[PDB]
Structure formats: C-alpha cells, structure tokens
Amino acid sequence: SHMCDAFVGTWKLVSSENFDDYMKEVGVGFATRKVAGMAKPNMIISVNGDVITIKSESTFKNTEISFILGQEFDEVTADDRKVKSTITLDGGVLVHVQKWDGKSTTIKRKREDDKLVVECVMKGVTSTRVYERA
Ligand SMILES: O=c1cc(O)cc(CCc2cccc3ccccc23)o1
C-alpha cells in the first residue's frame, strides 16, 4: 500500500523534447508520428489495492493499462504495437519495460517537484515529457 501515492491523480502534458526522434527509433511511421506528436494527453493514475491503473485520454489514442508491480502483462500501445510489459518500482521511479519483435523500450515515470516526468528510452535515444497536475 501507499506505494504510488505521489503518482495518483490527473496529469496533463505540458512539454516534450525529442519525442519524434524517440518514435522514429521505436519504428513508428510518419503519419502516426505526426498525429501522435501533436497530442497533449491527460494521464490519469489510480491505485486500488495492488492494482495500478494508468489511463491516457488523448486526441490521438485513448489507452488504459492495469497491472501489478513485477507481473508481466499484454499491452497494445497507442501506436499499435503488441508488447509484453513489466512495470516495477526502483527507488521510487516507476520503470516500464516493453518487449516486442525482439526489441525493448523503457519508460520511466518519476515525481520531480510538482511535475510528473516521463523519460522514454529506445537504444541511445531519450525523450523527456513533462506533466503537471490537471
Ligand atoms: O506514459 C507516457 C506518457 C508519454 O507522454 C509518453 C509515453 C510513451 C508511450 C506512448 C504514449 C502515447 C503515444 C505514443 C506514440 C508512440 C510511441 C509511444 C507512445 O508514455
């Protein structure tokens, strides 16, 4: 319990850096990159017992994942990859690893001041996405 208290809430994207290049590195095609890159999603994080839910309400694609820390699950990403995901807590950072087609990407989510900072890494390419409370 209380494991993710500081993550819970409704968050809105306020800034992004290098997201197009991250998406390229992931293999996202041109048209999806353009439409995905415009979006300013709402990320809604909640906890009920051991189950964490992360919803994204977006003009591009709505998604919802529910999971237990350390327990692999199936995820269809907003860009339509069918991945196997595992999310753990490492030193207060949510670490989300996605595996598909022999590839891997990691999404880290951390609280920094009044922000929720999302770092997306594919090989040598990082994108930083900053969310504030909605
Ligand atoms: O938790 C968050 C918040 C973010 O801002 C970004 C991401 C990375 C996953 C993602 C989300 C939505 C669209 C995408 C399109 C292409 C590739 C990955 C995508 O996760």
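Residue numbers run from 1 in the order of the sequence given. As a basis for the values below, the full set of heavy atoms in this structure was taken, side chains included, without hydrogen atoms, waters or symmetry mates. Atoms within a ligand are numbered from 1 in the order they appear, just like the ligands themselves.
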Original post:
Does the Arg129 side chain pair with the main chain of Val118, one donor and one acceptor, at a distance under 3.5 Å?
Top reply: no

Original post:
Between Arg111 (side chain) and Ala6 (backbone), is there a donor-acceptor pair under 3.5 Å?
Top reply: yes

Original post:
Taking non-hydrogen atoms only, is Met43 closer than 4.0 angstrom to ligand 1 via side chain, backbone, both or neither?
Top reply: side chain

Original post:
Is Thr77 in contact with ligand 1, taking contact as a heavy-atom separation below 4.0 Å?
Top reply: no

Original post:
What is the closest protein heavy atom to atom 19 (C) of ligand 1, and at what distance does it sit?
Top reply: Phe19 CZ, 3.8 Å

Original post:
With only distance considered, is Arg81 within less than 3.5 Å of ligand 1 through an N or O on each side?
Top reply: no

Original post:
In terms of residue, atom name and distance, what is the protein heavy atom nearest to atom 8 (C) of ligand 1?
Top reply: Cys120 SG, 3.6 Å

Subject >> Residue, atom name and distance, where the atom is the protein heavy atom closest to atom 9 (C) of ligand 1 >> reply: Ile107 CD1, 3.9 Å

**OP:** Taking only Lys NZ, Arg NE, NH1 and NH2, and the carboxylate oxygens of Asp or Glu, determine whether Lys84 and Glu72 approach each other closer than 4.0 Å.
**Re:** no

**OP:** Run the numbers for me: atoms of ligand 1, each under 4.0 Å from some heavy atom of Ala78, listed by number.
**Re:** 12 (C), 13 (C)

Subject >> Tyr131: numbered ligand 1 atoms lying under 4.0 Å from its heavy atoms >> reply: 3 (C), 4 (C), 5 (O)

Original post:
Atom CD in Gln98, atom CH2 in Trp100: separation rounded to 0.5 Å?
Top reply: 6.5 Å

Original post:
Near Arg129, which atoms of ligand 1 are under 4.0 Å from a heavy atom of that residue?
Top reply: 4 (C), 5 (O), 6 (C)

**OP:** Check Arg109 against ligand 1 and report side chain, backbone, both or neither, counting heavy atoms closer than 4.0 Å.
**Re:** side chain

**OP:** Take atom 12 (C) of ligand 1 and look for protein heavy atoms under 4.0 Å from it; say yes if you find one, no if not.
**Re:** yes

Subject >> Heteroatom distance test (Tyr22, ligand 1): nitrogen or oxygen, under 3.5 angstrom >> reply: no

**OP:** Identify whether the distance between the nearest side-chain nitrogen and carboxylate oxygen of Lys103 and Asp101 falls below 4.0 Å.
**Re:** no

Original post:
Is NZ or CZ of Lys24 both nearer than 6.0 Å to the six-membered ring centre of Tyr22 and within 45° of the ring axis?
Top reply: no

Original post:
If you round to the nearest 0.5 Å, how far is CE of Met43 from OG1 of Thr63?
Top reply: 10.0 Å

Original post:
Mind checking whether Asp79 has an N or O less than 3.5 Å away from an N or O of ligand 1?
Top reply: no

Subject >> Side chains of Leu89 and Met3 in contact at under 4.5 Å (non-hydrogen atoms) >> reply: yes

**OP:** Just say parallel, tilted or perpendicular for the rings of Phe67 and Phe73, cut-offs at 30° and 60°.
**Re:** parallel

